[PDB]
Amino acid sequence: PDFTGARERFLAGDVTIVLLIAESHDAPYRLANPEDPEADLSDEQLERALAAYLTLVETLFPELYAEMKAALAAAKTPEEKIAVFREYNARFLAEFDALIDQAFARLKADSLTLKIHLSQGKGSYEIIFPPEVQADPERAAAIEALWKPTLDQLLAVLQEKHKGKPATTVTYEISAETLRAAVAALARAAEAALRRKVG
């Protein structure tokens, strides 16, 4: 999947871009103990989290990403590389808090439910809209049409992962709070991966 323009779509309200990025790497993001990732995650779980986190930062936050690349290259020791990563992740998470307020203000729904149904052929998805948007079928249709290209890519990614498998449904809550939690968990797992990668 090509994430060019992804930042524009995200700010327009296509927040499931985050999910597409994570799922396209098959990264872990909804974690039981999202403070100790290495106690729950294997070496690809860590590697995949690192790659998904980096895609997310580069896509949503390209200037900070270039700065972070340079700062890490200039860092001389492993410990300094970890410290630099930690600082830039703090910056990235704060900036993401702002970006998520912007996207959920633009798209005028505070919380939605997304259900992905994977069955034998092509699957389907379903958005469960809040009561006020559900009362405006034509606003809700606008949101469906906005999310549709990303949701189609997400459906393809998931279907590739589930070939030959019994009927399965994946349920996401999409709100500022759950998306913040997903990105924080990705960041913590990515830090654990980087710690293993340097020194």
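From 1 onward, residues are counted along the sequence shown.
As listed in the deposited structure, the average C-alpha B-factor of 81 to 89 and of 114 to 122 is greater for 114 to 122. The deposited model assigns a higher average Cα B-factor to 128 to 136 than to the other stretch when 40 to 48 and 128 to 136 are compared. Listed residues 68, 151, 158, 32 were ranked by CA B-factor as deposited; 32 comes out on top. Sort the modelled residues of the chain by CA B factor and residue 109 lands in the highest third. When the modelled residues of the chain are ordered by C-alpha B-factor, residue 195 sits in the middle third. Ranked by Cα temperature factor within the chain, residue 142 sits in the highest third according to the deposited record. When all modelled residues of the chain are sorted by CA temperature factor, residue 180 is found within the lowest third. In this PDB entry, residue 74 carries a Cα temperature factor that places it within the lowest third of its chain's modelled residues.
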